[PDB]
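As stored in my_file-v3.cif (mmCIF, C-alpha atoms and all ligand atoms):
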```cif
data_structure
loop_
_atom_site.group_PDB
_atom_site.id
_atom_site.type_symbol
_atom_site.label_atom_id
_atom_site.label_comp_id
_atom_site.auth_asym_id
_atom_site.auth_seq_id
_atom_site.Cartn_x
_atom_site.Cartn_y
_atom_site.Cartn_z
ATOM 1 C CA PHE F 1 1.418 17.412 24.656
ATOM 2 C CA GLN F 2 2.185 14.718 22.092
ATOM 3 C CA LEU F 3 -0.265 12.584 20.104
ATOM 4 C CA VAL F 4 1.866 10.630 17.604
ATOM 5 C CA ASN F 5 4.872 8.513 18.570
ATOM 6 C CA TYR F 6 6.666 8.301 15.218
ATOM 7 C CA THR F 7 8.829 5.322 16.277
ATOM 8 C CA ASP F 8 5.985 3.147 17.623
ATOM 9 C CA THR F 9 5.584 -0.023 15.584
ATOM 10 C CA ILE F 10 2.366 0.586 13.608
ATOM 11 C CA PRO F 11 3.022 4.382 13.258
ATOM 12 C CA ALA F 12 6.643 3.771 12.206
ATOM 13 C CA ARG F 13 5.346 1.124 9.797
ATOM 14 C CA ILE F 14 3.068 3.774 8.250
ATOM 15 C CA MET F 15 6.046 6.179 8.254
ATOM 16 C CA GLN F 16 8.228 3.647 6.426
ATOM 17 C CA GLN F 17 5.369 2.995 3.978
ATOM 18 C CA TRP F 18 5.052 6.611 2.915
ATOM 19 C CA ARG F 19 8.845 7.116 2.897
ATOM 20 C CA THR F 20 9.138 4.177 0.477
ATOM 21 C CA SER F 21 6.206 5.458 -1.602
ATOM 22 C CA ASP F 22 8.087 8.760 -1.792
ATOM 23 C CA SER F 23 11.412 7.134 -2.711
ATOM 24 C CA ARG F 24 9.913 4.945 -5.461
ATOM 25 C CA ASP F 25 9.051 7.697 -7.921
ATOM 26 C CA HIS F 26 8.044 11.158 -6.584
ATOM 27 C CA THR F 27 5.394 13.026 -4.588
ATOM 28 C CA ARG F 28 4.476 16.640 -3.743
ATOM 29 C CA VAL F 29 5.935 19.243 -1.308
ATOM 30 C CA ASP F 30 8.698 17.932 0.950
ATOM 31 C CA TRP F 31 9.025 16.652 4.511
ATOM 32 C CA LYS F 32 11.191 16.100 7.669
ATOM 33 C CA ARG F 33 9.194 18.696 9.658
ATOM 34 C CA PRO F 34 5.857 16.899 10.084
ATOM 35 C CA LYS F 35 2.414 18.108 11.144
ATOM 36 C CA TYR F 36 -0.201 16.442 13.329
ATOM 37 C CA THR F 37 -2.890 17.718 10.943
ATOM 38 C CA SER F 38 -1.468 15.477 8.211
ATOM 39 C CA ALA F 39 -1.649 12.512 10.595
ATOM 40 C CA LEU F 40 -5.273 13.403 11.343
ATOM 41 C CA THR F 41 -5.888 13.651 7.582
ATOM 42 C CA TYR F 42 -4.460 10.158 7.011
ATOM 43 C CA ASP F 43 -6.439 8.694 9.907
ATOM 44 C CA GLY F 44 -9.661 10.381 8.776
ATOM 45 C CA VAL F 45 -9.313 9.004 5.261
ATOM 46 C CA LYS F 46 -8.707 5.606 6.896
ATOM 47 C CA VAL F 47 -11.937 6.142 8.893
ATOM 48 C CA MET F 48 -13.834 6.895 5.673
ATOM 49 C CA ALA F 49 -12.290 3.869 3.939
ATOM 50 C CA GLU F 50 -13.235 1.521 6.793
ATOM 51 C CA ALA F 51 -16.741 3.016 6.835
ATOM 52 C CA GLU N 1 25.871 20.333 6.007
ATOM 53 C CA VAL N 2 25.134 17.119 4.112
ATOM 54 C CA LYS N 3 28.351 15.325 3.167
ATOM 55 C CA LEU N 4 28.910 11.955 1.492
ATOM 56 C CA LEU N 5 32.314 10.395 0.830
ATOM 57 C CA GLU N 6 32.891 7.260 -1.245
ATOM 58 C CA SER N 7 35.950 5.055 -0.827
ATOM 59 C CA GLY N 8 37.319 1.719 -1.977
ATOM 60 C CA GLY N 9 37.489 2.546 -5.684
ATOM 61 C CA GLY N 10 40.364 2.178 -8.094
ATOM 62 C CA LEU N 11 41.413 -0.945 -9.999
ATOM 63 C CA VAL N 12 40.184 -4.536 -9.709
ATOM 64 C CA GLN N 13 40.945 -7.758 -11.557
ATOM 65 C CA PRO N 14 38.301 -9.398 -13.785
ATOM 66 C CA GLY N 15 36.323 -12.134 -12.054
ATOM 67 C CA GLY N 16 37.138 -11.081 -8.490
ATOM 68 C CA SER N 17 35.140 -9.215 -5.873
ATOM 69 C CA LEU N 18 34.966 -5.542 -4.953
ATOM 70 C CA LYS N 19 33.578 -3.658 -1.953
ATOM 71 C CA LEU N 20 32.925 0.091 -2.034
ATOM 72 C CA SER N 21 32.009 2.056 1.089
ATOM 73 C CA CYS N 22 30.139 5.362 1.351
ATOM 74 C CA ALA N 23 30.251 7.293 4.623
ATOM 75 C CA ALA N 24 27.718 9.999 5.464
ATOM 76 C CA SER N 25 28.029 12.984 7.787
ATOM 77 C CA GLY N 26 25.738 15.865 8.694
ATOM 78 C CA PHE N 27 22.456 13.937 8.484
ATOM 79 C CA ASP N 28 20.721 10.831 9.849
ATOM 80 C CA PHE N 29 21.284 7.760 7.682
ATOM 81 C CA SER N 30 18.921 5.696 9.872
ATOM 82 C CA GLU N 31 15.830 7.446 8.463
ATOM 83 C CA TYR N 32 16.930 8.605 5.008
ATOM 84 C CA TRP N 33 17.061 6.146 2.123
ATOM 85 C CA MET N 34 20.183 5.701 0.004
ATOM 86 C CA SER N 35 20.737 5.013 -3.681
ATOM 87 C CA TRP N 36 23.584 3.954 -5.963
ATOM 88 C CA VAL N 37 23.865 4.909 -9.639
ATOM 89 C CA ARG N 38 26.560 4.057 -12.186
ATOM 90 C CA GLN N 39 27.843 6.184 -15.049
ATOM 91 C CA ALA N 40 29.898 4.980 -17.991
ATOM 92 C CA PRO N 41 32.771 7.127 -19.321
ATOM 93 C CA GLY N 42 31.337 9.477 -21.928
ATOM 94 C CA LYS N 43 27.826 7.999 -21.652
ATOM 95 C CA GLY N 44 24.769 8.748 -19.546
ATOM 96 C CA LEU N 45 24.100 7.665 -15.994
ATOM 97 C CA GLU N 46 22.458 4.404 -14.949
ATOM 98 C CA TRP N 47 20.723 3.747 -11.637
ATOM 99 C CA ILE N 48 22.157 0.618 -10.015
ATOM 100 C CA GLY N 49 19.670 0.452 -7.167
ATOM 101 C CA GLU N 50 18.233 1.883 -3.978
ATOM 102 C CA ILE N 51 18.026 0.734 -0.365
ATOM 103 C CA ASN N 52 15.938 1.844 2.612
ATOM 104 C CA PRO N 53 17.115 2.746 6.122
ATOM 105 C CA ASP N 54 15.833 -0.373 7.915
ATOM 106 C CA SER N 55 17.471 -2.766 5.362
ATOM 107 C CA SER N 56 14.144 -4.452 4.586
ATOM 108 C CA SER N 57 13.757 -3.807 0.837
ATOM 109 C CA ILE N 58 16.713 -3.241 -1.501
ATOM 110 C CA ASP N 59 15.585 -2.617 -5.077
ATOM 111 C CA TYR N 60 17.808 -2.813 -8.154
ATOM 112 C CA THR N 61 17.645 -2.939 -11.930
ATOM 113 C CA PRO N 62 16.291 -6.161 -13.504
ATOM 114 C CA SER N 63 19.420 -6.655 -15.658
ATOM 115 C CA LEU N 64 22.145 -6.322 -12.983
ATOM 116 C CA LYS N 65 20.802 -8.415 -10.102
ATOM 117 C CA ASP N 66 23.294 -11.305 -10.112
ATOM 118 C CA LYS N 67 26.370 -9.082 -9.650
ATOM 119 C CA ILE N 68 25.315 -6.298 -7.233
ATOM 120 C CA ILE N 69 24.637 -6.376 -3.482
ATOM 121 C CA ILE N 70 23.608 -3.313 -1.456
ATOM 122 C CA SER N 71 23.878 -3.094 2.334
ATOM 123 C CA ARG N 72 23.986 -0.308 4.910
ATOM 124 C CA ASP N 73 24.986 0.385 8.512
ATOM 125 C CA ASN N 74 22.948 2.933 10.461
ATOM 126 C CA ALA N 75 25.254 2.738 13.491
ATOM 127 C CA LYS N 76 28.251 3.704 11.343
ATOM 128 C CA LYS N 77 25.981 5.512 8.802
ATOM 129 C CA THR N 78 27.877 3.892 5.919
ATOM 130 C CA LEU N 79 26.497 2.177 2.830
ATOM 131 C CA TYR N 80 28.291 -0.735 1.170
ATOM 132 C CA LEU N 81 28.193 -1.983 -2.421
ATOM 133 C CA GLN N 82 29.537 -5.449 -3.248
ATOM 134 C CA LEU N 83 30.246 -6.543 -6.824
ATOM 135 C CA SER N 84 31.216 -10.074 -7.853
ATOM 136 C CA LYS N 85 32.572 -11.377 -11.191
ATOM 137 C CA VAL N 86 33.322 -7.982 -12.699
ATOM 138 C CA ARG N 87 33.461 -7.609 -16.486
ATOM 139 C CA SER N 88 34.764 -5.024 -18.950
ATOM 140 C CA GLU N 89 31.528 -3.037 -18.527
ATOM 141 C CA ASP N 90 32.294 -2.593 -14.803
ATOM 142 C CA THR N 91 34.880 0.119 -15.581
ATOM 143 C CA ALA N 92 32.607 3.015 -14.639
ATOM 144 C CA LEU N 93 32.037 5.715 -12.032
ATOM 145 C CA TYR N 94 29.658 4.649 -9.269
ATOM 146 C CA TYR N 95 27.942 7.262 -7.128
ATOM 147 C CA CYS N 96 26.139 6.925 -3.814
ATOM 148 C CA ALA N 97 23.382 9.478 -3.256
ATOM 149 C CA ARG N 98 20.712 10.495 -0.719
ATOM 150 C CA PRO N 99 16.964 10.023 -1.364
ATOM 151 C CA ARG N 100 16.334 11.875 -4.622
ATOM 152 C CA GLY N 101 12.963 10.366 -5.494
ATOM 153 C CA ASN N 102 11.727 10.889 -1.946
ATOM 154 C CA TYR N 103 12.774 14.453 -1.067
ATOM 155 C CA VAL N 104 13.626 16.998 -3.755
ATOM 156 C CA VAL N 105 14.978 19.537 -1.243
ATOM 157 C CA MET N 106 17.188 16.983 0.543
ATOM 158 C CA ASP N 107 18.473 15.573 -2.761
ATOM 159 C CA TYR N 108 22.266 15.369 -2.674
ATOM 160 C CA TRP N 109 24.709 13.072 -4.467
ATOM 161 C CA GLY N 110 28.096 11.948 -3.194
ATOM 162 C CA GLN N 111 31.360 12.031 -5.101
ATOM 163 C CA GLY N 112 31.428 8.343 -6.060
ATOM 164 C CA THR N 113 34.373 6.162 -7.018
ATOM 165 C CA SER N 114 35.816 4.956 -10.320
ATOM 166 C CA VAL N 115 36.266 1.221 -10.932
ATOM 167 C CA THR N 116 38.558 0.070 -13.750
ATOM 168 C CA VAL N 117 38.700 -3.624 -14.636
ATOM 169 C CA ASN N 118 8.737 5.694 -23.828
ATOM 170 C CA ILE N 119 10.081 9.084 -22.719
ATOM 171 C CA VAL N 120 12.919 10.596 -24.764
ATOM 172 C CA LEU N 121 14.700 13.606 -23.246
ATOM 173 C CA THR N 122 16.621 15.647 -25.831
ATOM 174 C CA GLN N 123 18.902 18.501 -24.780
ATOM 175 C CA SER N 124 19.411 21.720 -26.725
ATOM 176 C CA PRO N 125 22.043 22.546 -27.753
ATOM 177 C CA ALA N 126 24.788 19.916 -27.637
ATOM 178 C CA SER N 127 27.582 22.431 -26.991
ATOM 179 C CA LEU N 128 27.600 26.187 -26.439
ATOM 180 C CA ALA N 129 30.127 28.855 -25.462
ATOM 181 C CA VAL N 130 29.013 31.695 -23.177
ATOM 182 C CA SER N 131 31.132 34.516 -21.777
ATOM 183 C CA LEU N 132 31.568 35.341 -18.096
ATOM 184 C CA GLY N 133 28.757 37.207 -16.373
ATOM 185 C CA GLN N 134 26.191 36.379 -19.066
ATOM 186 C CA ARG N 135 22.915 34.423 -19.045
ATOM 187 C CA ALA N 136 22.807 31.064 -20.835
ATOM 188 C CA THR N 137 19.706 29.063 -21.774
ATOM 189 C CA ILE N 138 19.480 25.275 -22.120
ATOM 190 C CA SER N 139 16.282 23.663 -23.401
ATOM 191 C CA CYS N 140 15.021 20.110 -22.962
ATOM 192 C CA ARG N 141 12.279 18.336 -24.916
ATOM 193 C CA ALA N 142 10.385 15.316 -23.589
ATOM 194 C CA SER N 143 8.664 12.798 -25.847
ATOM 195 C CA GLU N 144 5.925 11.947 -23.320
ATOM 196 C CA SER N 145 4.038 14.012 -20.749
ATOM 197 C CA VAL N 146 6.163 14.422 -17.612
ATOM 198 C CA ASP N 147 3.606 16.608 -15.812
ATOM 199 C CA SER N 148 1.874 14.943 -12.870
ATOM 200 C CA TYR N 149 -0.420 16.637 -10.305
ATOM 201 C CA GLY N 150 0.678 20.123 -11.356
ATOM 202 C CA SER N 151 4.406 19.630 -10.687
ATOM 203 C CA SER N 152 6.990 18.775 -13.350
ATOM 204 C CA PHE N 153 9.194 16.110 -11.747
ATOM 205 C CA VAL N 154 12.403 16.901 -13.630
ATOM 206 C CA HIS N 155 15.812 17.536 -12.063
ATOM 207 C CA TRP N 156 18.675 19.514 -13.598
ATOM 208 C CA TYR N 157 22.221 18.588 -12.565
ATOM 209 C CA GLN N 158 25.747 19.569 -13.615
ATOM 210 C CA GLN N 159 28.582 17.029 -13.819
ATOM 211 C CA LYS N 160 32.180 17.994 -14.568
ATOM 212 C CA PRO N 161 35.212 15.882 -15.517
ATOM 213 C CA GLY N 162 36.138 14.183 -12.253
ATOM 214 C CA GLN N 163 33.292 15.829 -10.319
ATOM 215 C CA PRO N 164 29.912 14.230 -9.568
ATOM 216 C CA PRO N 165 26.555 15.625 -10.714
ATOM 217 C CA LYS N 166 25.268 18.001 -8.047
ATOM 218 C CA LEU N 167 21.486 18.381 -7.936
ATOM 219 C CA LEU N 168 21.160 22.010 -9.013
ATOM 220 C CA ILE N 169 17.465 22.450 -9.869
ATOM 221 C CA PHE N 170 14.642 20.352 -8.416
ATOM 222 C CA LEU N 171 11.058 20.035 -9.740
ATOM 223 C CA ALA N 172 11.773 22.645 -12.495
ATOM 224 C CA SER N 173 10.799 25.597 -10.253
ATOM 225 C CA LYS N 174 12.954 25.410 -7.094
ATOM 226 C CA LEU N 175 16.641 26.019 -6.432
ATOM 227 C CA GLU N 176 18.525 23.576 -4.227
ATOM 228 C CA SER N 177 20.115 24.594 -0.938
ATOM 229 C CA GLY N 178 23.813 25.437 -0.953
ATOM 230 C CA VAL N 179 23.859 26.434 -4.627
ATOM 231 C CA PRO N 180 23.689 30.236 -5.053
ATOM 232 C CA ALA N 181 20.972 32.203 -6.872
ATOM 233 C CA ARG N 182 22.534 31.792 -10.306
ATOM 234 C CA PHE N 183 20.338 29.092 -11.900
ATOM 235 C CA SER N 184 16.592 29.194 -12.544
ATOM 236 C CA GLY N 185 14.146 26.873 -14.259
ATOM 237 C CA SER N 186 10.926 27.197 -16.220
ATOM 238 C CA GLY N 187 8.889 25.458 -18.902
ATOM 239 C CA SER N 188 5.614 23.729 -19.650
ATOM 240 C CA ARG N 189 4.722 20.071 -20.035
ATOM 241 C CA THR N 190 6.768 19.372 -23.190
ATOM 242 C CA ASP N 191 9.609 21.925 -23.013
ATOM 243 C CA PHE N 192 11.802 22.703 -20.005
ATOM 244 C CA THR N 193 14.372 25.502 -19.875
ATOM 245 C CA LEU N 194 17.237 26.144 -17.461
ATOM 246 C CA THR N 195 18.698 29.657 -17.303
ATOM 247 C CA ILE N 196 22.071 30.653 -15.840
ATOM 248 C CA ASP N 197 22.560 34.259 -14.707
ATOM 249 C CA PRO N 198 25.272 35.355 -14.113
ATOM 250 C CA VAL N 199 27.722 32.985 -15.818
ATOM 251 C CA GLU N 200 30.820 32.098 -13.792
ATOM 252 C CA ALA N 201 33.990 30.319 -14.865
ATOM 253 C CA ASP N 202 33.525 27.378 -12.479
ATOM 254 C CA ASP N 203 30.171 26.415 -14.048
ATOM 255 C CA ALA N 204 31.866 24.976 -17.160
ATOM 256 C CA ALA N 205 30.522 21.417 -17.013
ATOM 257 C CA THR N 206 27.942 19.117 -18.612
ATOM 258 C CA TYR N 207 24.310 19.886 -17.789
ATOM 259 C CA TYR N 208 21.769 17.065 -17.691
ATOM 260 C CA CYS N 209 17.989 17.088 -17.284
ATOM 261 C CA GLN N 210 16.483 13.852 -15.973
ATOM 262 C CA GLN N 211 12.818 12.997 -15.437
ATOM 263 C CA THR N 212 11.674 10.143 -13.188
ATOM 264 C CA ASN N 213 7.899 10.547 -13.555
ATOM 265 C CA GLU N 214 7.231 6.982 -14.740
ATOM 266 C CA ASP N 215 9.147 3.903 -15.838
ATOM 267 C CA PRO N 216 11.816 3.997 -17.144
ATOM 268 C CA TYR N 217 13.803 6.669 -15.284
ATOM 269 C CA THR N 218 15.728 8.171 -18.198
ATOM 270 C CA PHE N 219 18.598 10.659 -18.203
ATOM 271 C CA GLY N 220 19.621 13.568 -20.388
ATOM 272 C CA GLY N 221 21.944 13.513 -23.362
ATOM 273 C CA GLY N 222 24.467 15.875 -21.797
ATOM 274 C CA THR N 223 25.106 19.495 -22.796
ATOM 275 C CA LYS N 224 28.589 20.869 -22.151
ATOM 276 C CA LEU N 225 29.059 24.501 -21.118
ATOM 277 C CA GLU N 226 32.073 26.415 -22.433
ATOM 278 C CA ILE N 227 33.364 29.585 -20.769
ATOM 279 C CA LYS N 228 34.605 32.160 -23.265
ATOM 280 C CA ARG N 229 37.805 34.105 -22.655
HETATM 281 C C1 LIG F 301 7.582 5.823 21.834
HETATM 282 O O1 LIG F 301 8.699 5.466 20.964
HETATM 283 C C2 LIG F 301 9.910 5.146 21.670
HETATM 284 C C3 LIG F 301 10.968 4.865 20.632
HETATM 285 O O2 LIG F 301 10.919 3.515 20.192
HETATM 286 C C4 LIG F 301 9.675 3.961 22.607
HETATM 287 O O3 LIG F 301 10.866 3.698 23.340
HETATM 288 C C5 LIG F 301 8.529 4.268 23.563
HETATM 289 O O4 LIG F 301 8.257 3.137 24.382
HETATM 290 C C6 LIG F 301 7.276 4.657 22.784
HETATM 291 N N1 LIG F 301 6.192 4.993 23.692
HETATM 292 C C7 LIG F 301 4.961 4.486 23.577
HETATM 293 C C8 LIG F 301 3.965 4.942 24.600
HETATM 294 O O5 LIG F 301 4.664 3.697 22.688
#
```
Output the file's structure as structure tokens, nothing else.
Ligand SMILES: *[C@@H]1O[C@H](CO)[C@@H](O)[C@H](O)[C@H]1NC(C)=O
Amino acid sequence: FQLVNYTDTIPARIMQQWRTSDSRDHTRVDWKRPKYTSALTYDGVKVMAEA
Amino acid sequence: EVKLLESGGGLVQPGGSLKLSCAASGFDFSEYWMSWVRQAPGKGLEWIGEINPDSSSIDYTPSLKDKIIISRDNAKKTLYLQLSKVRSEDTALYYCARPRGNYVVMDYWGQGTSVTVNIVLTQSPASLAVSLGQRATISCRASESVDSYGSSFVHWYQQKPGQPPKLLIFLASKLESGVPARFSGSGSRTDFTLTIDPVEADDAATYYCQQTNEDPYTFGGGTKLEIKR
């Protein structure tokens, strides 16, 4: 089962946004093997922000 | 593995145009960002610019915008740098590199090509001679606080004469892939320290510690390593 299509337009836009925010200065622990829990974390913080 | 090869360098007349290509192999250039950085002969490095995979935002320095153009090709996985109206300051070594600000583990710099027409990071010492099989120590002092969110975003690289600076140590506590277990890093918030154990003969180069925590992204002064015999 798959939840996140990483190449779909709004998800790949979010992907490009955090890749650019990485490549501008720096962030924490690295990438290229993602997790769906991090996607749920991002979407839950977006839920709290919209609320 | 990750491999980058630059081509098109050499000599160029003053006032003309120049196009340098950089081919990649072993990774996906259509997702990973690219960067280009110049280095004068005998001086420190200087970041020319960076470009994303989708070719939507290409950033550069504010003082070299009218003479640099960065493009890329994800189908051929090759980056292209175009320079117009070259001057006497254009005689330098350019270097194409993978995303170094983005991913510290996937940080890798290509060989580059030679073209012939406040945070203060102090290295310690300027020059030292260590024998083979020993352990050398190189210190670095920062004028401002480079610590952010618990991690010290400082990279330690080694550049030789004719060889590009390979990213040896990332984030002051992790060793890069491909390099053997012969270099470690430590320090705290004003003083960083790179240790080499054991000392080999091929490690005789110039070590540089560079921090990119905030603007401006400075580079180290350069500390040469001499192998005793
Ligand atoms: C998932 O992404 C691929 C790659 O672009 C696309 O071809 C496909 O239509 C997408 N599927 C959905 C359901 O969006």
### Message
With all atoms listed in the file as the counted atoms, please give the residues lying no more than 10 Å from residue 15 of chain F, apart from itself and same-chain residues fewer than 6 positions off, as a list in words.
### Response
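Listed by chain and then number, they are residues 6, 7, 8, 9 and 21 of chain F; 31 of chain N.
The residue that comes closest to residue 18 of chain F, out of N:52, N:105, N:224, N:89 and on the basis of all atoms listed in the file, is N:52.
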### Hits of the PyMOL selection byres (((chain N and resi 207) around 10) and not hetatm) in this structure, as a PyMOL selection string
chain N and resi 123+126+138+156-160+165-166+168+194+203-206+208-209+220-225
Could you save the residues just selected, with C-alpha atoms, as a PDB file, in the frame of the given file?
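After the write, part-v3.pdb holds the following:
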```pdb
ATOM      1  CA  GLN N 123      18.902  18.501 -24.780  1.00  0.00           C
ATOM      2  CA  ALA N 126      24.788  19.916 -27.637  1.00  0.00           C
ATOM      3  CA  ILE N 138      19.480  25.275 -22.120  1.00  0.00           C
ATOM      4  CA  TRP N 156      18.675  19.514 -13.598  1.00  0.00           C
ATOM      5  CA  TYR N 157      22.221  18.588 -12.565  1.00  0.00           C
ATOM      6  CA  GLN N 158      25.747  19.569 -13.615  1.00  0.00           C
ATOM      7  CA  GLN N 159      28.582  17.029 -13.819  1.00  0.00           C
ATOM      8  CA  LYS N 160      32.180  17.994 -14.568  1.00  0.00           C
ATOM      9  CA  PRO N 165      26.555  15.625 -10.714  1.00  0.00           C
ATOM     10  CA  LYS N 166      25.268  18.001  -8.047  1.00  0.00           C
ATOM     11  CA  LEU N 168      21.160  22.010  -9.013  1.00  0.00           C
ATOM     12  CA  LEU N 194      17.237  26.144 -17.461  1.00  0.00           C
ATOM     13  CA  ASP N 203      30.171  26.415 -14.048  1.00  0.00           C
ATOM     14  CA  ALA N 204      31.866  24.976 -17.160  1.00  0.00           C
ATOM     15  CA  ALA N 205      30.522  21.417 -17.013  1.00  0.00           C
ATOM     16  CA  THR N 206      27.942  19.117 -18.612  1.00  0.00           C
ATOM     17  CA  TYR N 208      21.769  17.065 -17.691  1.00  0.00           C
ATOM     18  CA  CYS N 209      17.989  17.088 -17.284  1.00  0.00           C
ATOM     19  CA  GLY N 220      19.621  13.568 -20.388  1.00  0.00           C
ATOM     20  CA  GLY N 221      21.944  13.513 -23.362  1.00  0.00           C
ATOM     21  CA  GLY N 222      24.467  15.875 -21.797  1.00  0.00           C
ATOM     22  CA  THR N 223      25.106  19.495 -22.796  1.00  0.00           C
ATOM     23  CA  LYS N 224      28.589  20.869 -22.151  1.00  0.00           C
ATOM     24  CA  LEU N 225      29.059  24.501 -21.118  1.00  0.00           C
TER      25      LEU N 225
END
```
### Task
Using only C-alpha atoms, determine which residues lie at most 10 Å from residue 175 of chain N, disregarding the query and same-chain residues fewer than 5 positions distant; provide the list as a list in words.
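Close residues of residue 175 of chain N: residues 104, 105, 156, 167, 168, 169, 170, 180, 181, 182, 183, 184 and 185 of chain N.
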I'd like the box whose edges run along x, y and z of the file and which contains every listed atom of segment 30-44 of chain F, padded by 8 Å per side; could you state its centre and edge lengths in Å, one decimal, as AutoDock Vina command-line options?
```
--center_x 0.8 --center_y 13.7 --center_z 7.1 --size_x 36.9 --size_y 26.0 --size_z 28.4
```
### Message
If I take atom CA of residue 150 of chain N and atom CA of residue 173 of chain N, how far is one from the other in Å, to one decimal?
### Response
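Separation of atom CA of residue 150 of chain N and atom CA of residue 173 of chain N: 11.6 Å.
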### Message
Which residues would end up in the selection if the PyMOL selection byres ((chain N) within 9 of (chain F and not hetatm)) were applied here, given that I need the answer as JSON, numbers by chain?
### Response
{"N": [31, 32, 33, 50, 52, 53, 54, 99, 100, 101, 102, 103, 104, 105, 106, 149, 151, 153, 212, 213, 214, 215, 217]}
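Put simply, the PyMOL selection byres (((chain N and resi 190) around 7) and not hetatm) on this file hits residues 141, 142, 145, 188, 189, 191 and 192 of chain N.
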### Task
Can you work out the spacing between atom CA of residue 21 of chain N and atom CA of residue 9 of chain N in Å, to one decimal?
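A separation of 8.7 Å between them.
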